[PDB]
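First structure 1, then structure 2: two forms of the same chain, each alone, as structure tokens.
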Structure 1
């Protein structure tokens, strides 16, 4: 039986472990954190993730979809909150068949862990990868107490997240062609209780957004009517008094900021002060690699291979999509080296596409006529004019194809709106003809 060692029992690592063990591979999976299925007295702090069609499809191929969706909340659209006006629901699709799902990360990881073990994988927790000796084909692991263990490996899969230790080790033996692009926004994760969201009638079956120019909040629901809230805000003010994490010296400052800038959201954040001080501020960055593998010895996938900004909510979906593709190449290739090169060749252009579209979404949420004309064109020519957040989300269309069609649609709108102040001056039938001329079904 072919042997593989996977580092990181996250979303990509656990899924690929299941797909490989199900195909007869001897799978050993190492995770630095404890087993989350072992109940302790500690609280369960976990965020919700938006699971889209492409991510759900990957779970379907793994035979885990129904189990996952049973614990997921349906989000029919985005609920945009501008103070003074009732929330405006922008539906994601025609009906409840075009939706995305909010799933708690911890729940998903536990289901994937059970699935990988049911398929025959062996999972070892409380062991973090420290280094790799590629010549001797050995790696070193250690627990938090620093006690070290050495293991032989034949194939090494780096599914160890955006700060992959496997990636660091690979960069020592090959030039991965890394380019790091940091973003000026950080983020802070907050919470809304079930009592609070009910009291203020926050729609459970929707994704919620609080736009505010250079900063904003987003909220995803959970089964118990609580919401996970994420604040996006500049790390630093430009050189000066504009809002930034540096300007919010403590949780009391955060409250004043929210009471001023997010008045309809502050009442729902009961634990704002403590969450703001105890939850660390996250960083945003995009990391692009020219290559994802070292010969036939090691390969990266998920956040280890292509860290991206969380806008568009596609990091997990891409990671699950990576896992299916990697298992497919490994299963059917002439040899591991061929599989890893073919895997890289397939997935690298798609990762670049979603990395770019996520950043574009990041910029766009940090012109009104174009979106208004586009909303009309999407209703008049379905299957040809599909909004950006729908193509990435509701179809297994390769990311690069979603992007290519998005540019055609964006330019088409540019020509129709150019040199017009309002929509009554636009020839709607002429716009529709360009759609049929430049967008195949």
Structure 2
């Protein structure tokens, strides 16, 4: 049996552990944190994520989708909250088969850990990777106290997240060609209780947005009707706009309350613990990191956030990481050798990771925001009705299909240009030649 060591019992690492172990690989998975399945007297994490077709299909192949979906809340569409305007649901898809799912992060991780162990993987917690000696095929791990443990390895999978220690170790033997693009927004997680969401009639089966241009809030529902709210706001005010809101200006919880009361007046009343959440929850960092190299020969490979940190504005990081896990297990299982598998995995996935990194950055303006937009949207709707196998909105290709991300981006660009051009020099739809637009659709977009 082929042997593998995986660092990081997160989402990608645990899924690839199950896929490899059920294929008979001898799998050892090392995780820095304690086992979340061991109940303690500490409060659980209320962090949630959007699960879409890419992630769901990966779980489906693993035999875990039904268990995960049992505690997921359907989000049928986007509920936009702008003061004055009553909220009205904007469906994401054609019917309830085209929805996204809000799931608790910790619950997803527990289901994945049980799945990896059921398939035969051995999981070792409270062990953080510190260093790798590639030439001697050994690695060093340690607990929080620095007590060290050395292990021999044969194949190393870095599934250890955006600040990957495997990635840092690879940088000692290969030039990874790393390009970091910092994101100016930080984020803060806040809570809406079940009592508060019910009192204010907040729709449970939707993804909620409070757009505000350079900043915004989103809220994803939980099974118990609580919601996890995330504020996206610049860490610092840029030199050009010193008066612009930023985390730097919010010196404490009371300042955060005044800011919410002024900028998000319909949201502030639902945030009962705003002051405490603001002071006790750390402000998170966002970034895009692009690597030219994801592997060291046949010895080590990165996947998920370890390989391609992205901004979260499309809710695709976990979805992409699970898709990566399926691809890596498929390549490893059937390749001539590990070196061939890692090179083929990297060549296949890199263009797709670049595409979702670009589309995630673009989705910020789509969420945080015109008569031109409405006309383009209406025209796009007619084209989708006339040609459902050719004109598929980019959001649907990314979220409800398994089309390679690079193809979703390429077709999305064709559609965006087609609409932009067709609406240019037009006041309304009545002056637009729909057949000429449809001719462009049949000419430029092959049926899927």
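Residue numbers count along the first chain shown, from 1. Basically, rigid core = biggest C-alpha set you can superpose within 1.5 Å across the two forms.
- Put the two forms on the same core and the Cα of residue 373 is off by 2 Å or more between structures 1 and 2.
- Superposing C-alpha atoms between structures 1 and 2 reveals a rigid-body rotation of the smaller part against the larger of 13 degrees.
- Here residue 145 exhibits a Cα shift of 1.1 Å between structures 1 and 2, evaluated on the superposed rigid core.
- Relative to the superposed core, residue 196 moves its CA by 0.7 Å between structures 1 and 2.
- On a core-based overlay, residue 424 has a Cα shift of 4.9 Å between structures 1 and 2.
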